[PDB]
*Asks:* 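For reference, the structure I am asking about is given below.
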Amino acid sequence: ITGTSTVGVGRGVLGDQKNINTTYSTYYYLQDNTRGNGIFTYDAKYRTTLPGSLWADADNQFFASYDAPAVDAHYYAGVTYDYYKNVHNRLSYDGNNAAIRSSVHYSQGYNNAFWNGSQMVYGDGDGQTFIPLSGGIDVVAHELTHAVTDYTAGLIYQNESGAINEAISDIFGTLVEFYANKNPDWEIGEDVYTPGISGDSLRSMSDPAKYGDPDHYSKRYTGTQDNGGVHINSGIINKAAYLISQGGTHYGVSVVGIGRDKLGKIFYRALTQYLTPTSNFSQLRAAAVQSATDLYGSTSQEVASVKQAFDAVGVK
Ligand SMILES: [Ca+2]
Ligand SMILES: [Ca+2]
Ligand SMILES: [Ca+2]
Ligand SMILES: [Ca+2]
Ligand SMILES: [Ru+3]
C-alpha cells in the first residue's frame, strides 16, 4: 500500500519484544519499506487461500497472541534479507530486490512452513508437534533460501538434487541463525518443535542420525517416499557441511574445520555459479571444490577440507 514508513513494536512467538517496520495509511500495515522493494506480511485467517489480507493493525502495537506469528514472519524475513545483502551482496531472493511476501495463520493446526514458488507460508502448528513456525529463525531462512535456490541453481526437488536443495536450505537457515546470534546451533527447528520436550529438533546437521537420517552415502534412502527422501538424504550433505565448518573425525576420516563464514562463501558460490537443476551429490562435491578453488586457491586448506568432508560422508 502507499503510505509513510513507521516503526511498530510487538512480541514474537517466543515472547520476545522486537521493533518492526510498518506502513501507515489509516491502519498500520506489516509492510517494511526499508528493505528492497518491500517486505509484506499477510493474514491467511486460518484458511488456505493465499496470500490473504495484508496485515492491518489499528495502533502499531503487536502484542496480542494472534499477532505473534506475524511479528516473527515479518522480522525474520528482514533478518534473512539482511544476511544475504550484507554477507553475499545479494539483493533479496532474486538478486533484484523482489518483494518478500509471507502469510501466517495458514490453515488450522498446520505443522509446516513452506515457500510456494511466490511467497512464504506459515502454519500455526497444532500446539503439540509445533508452535507457530515463523518463531524459528532457521525455519524462516530455510524456506526463503528455497526462493534463492529456485532463482539460481534450480535444483529439482526430487532424489539427490532435491536432497541438495533441502541441505542448502538447512545450511543457510543455520548460518542466518548464527548471524542473528540468538541461541545458534546446528539443529533445525528447535525453537518451534515440540514445546513439551526440550533438547530435540526436526533434524540435526552435526549428527543427522540422532533422528534416523543418513550421515553417509552408503546409508542413503533409495525409495520413493518424500520425493525420493529429500528431507532424509539431506543428512549426508548437512553432515558434510557441518564437517567443513566445524571439523571432526567421521567414520575414521578427519576433517579440518574452516569455520562458518567460509562454509557460507563456498556454498553460496557453488549454489550461484556451478550447481544446475539436475546436480547430484558427486556434482555438488565438484562444485564445492571448484568454488573453494576460486576463493582460496587450489592448494588451500579450504579446498583440502572440502575434499576431506565429502570423503567422510562417502561422496566422491
Ligand atoms: Ca495492535
Ligand atoms: Ca537455536
Ligand atoms: Ca537451529
Ligand atoms: Ca522441543
Ligand atoms: Ru524445505
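Counting starts at 1 for both ligands and their atoms, following the listed order. Position 1 is the first residue of the sequence; numbering continues from there.
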*Asks:* What's the atom name of the N, O or S in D59 nearest to the Ca ion (ligand 1)?
*Replies:* OD1
*Asks:* Is any side-chain N of the basic residue among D213 and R203 closer than 4.0 Å to the acidic one's carboxylate O?
*Replies:* no
*Asks:* Can you list every salt bridge (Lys or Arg N to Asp or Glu O under 4.0 Å) pair that touches residues 63-73, not counting sequence neighbours?
*Replies:* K18-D72
*Asks:* Does the side chain of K262 reach to within under 4.5 Å of the side chain of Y296, using non-hydrogen atoms?
*Replies:* yes
*Asks:* Will you find, in the side chains of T145 and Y84, an N or O donor that is under 3.5 Å from an N or O acceptor?
*Replies:*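 Note: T145 and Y84 side chains meet the donor-acceptor criterion.
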*Asks:* Checking only N/O/S atoms, does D185 have one that is under 3.0 Å from the Ca ion (ligand 2)?
*Replies:*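 Yes - counting backbone and side chain alike, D185 has an N, O or S atom under 3.0 Å.
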*Asks:* So does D311 pair up with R285, basic N to acidic O under 4.0 Å?
*Replies:* yes
*Asks:* Under 3.0 Å from the Ca ion (ligand 4), which protein atoms of type N, O or S occur, listed by chain and number?
*Replies:* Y193 O, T194 O, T194 OG1, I197 O, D200 OD1
*Asks:* If you look at every heavy atom in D57 and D59, which pair is closest and at what distance?
*Replies:*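 Here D57 and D59 meet closest at OD1-OD1, 2.9 Å.
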*Asks:* Got a sec: is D57 within less than 3.0 Å of the Ca ion (ligand 1) via an N/O/S atom?
*Replies:*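 Checking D57: at least one N, O or S atom is under 3.0 Å.
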*Asks:* With respect to the Ca ion (ligand 1), please indicate if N60 possesses an N, O or S atom at a distance under 3.0 Å.
*Replies:*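 No - counting backbone and side chain alike, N60 has no N, O or S atom under 3.0 Å.
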*Asks:* Got a sec: is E177 within less than 3.0 Å of the Ca ion (ligand 2) via an N/O/S atom?
*Replies:* yes
*Asks:* Can you spot which of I156, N280, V230 makes a side-chain contact (heavy atoms from CB on, under 4.5 Å) with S161?
*Replies:*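 Between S161 and the candidates, side-chain contact (heavy atoms from CB on, under 4.5 Å) is satisfied uniquely by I156.
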*Asks:* Taking only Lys NZ, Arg NE, NH1 and NH2, and the carboxylate oxygens of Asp or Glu, determine whether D207 and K210 approach each other closer than 4.0 Å.
*Replies:*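 The answer is no: the pair does not qualify as a salt bridge.
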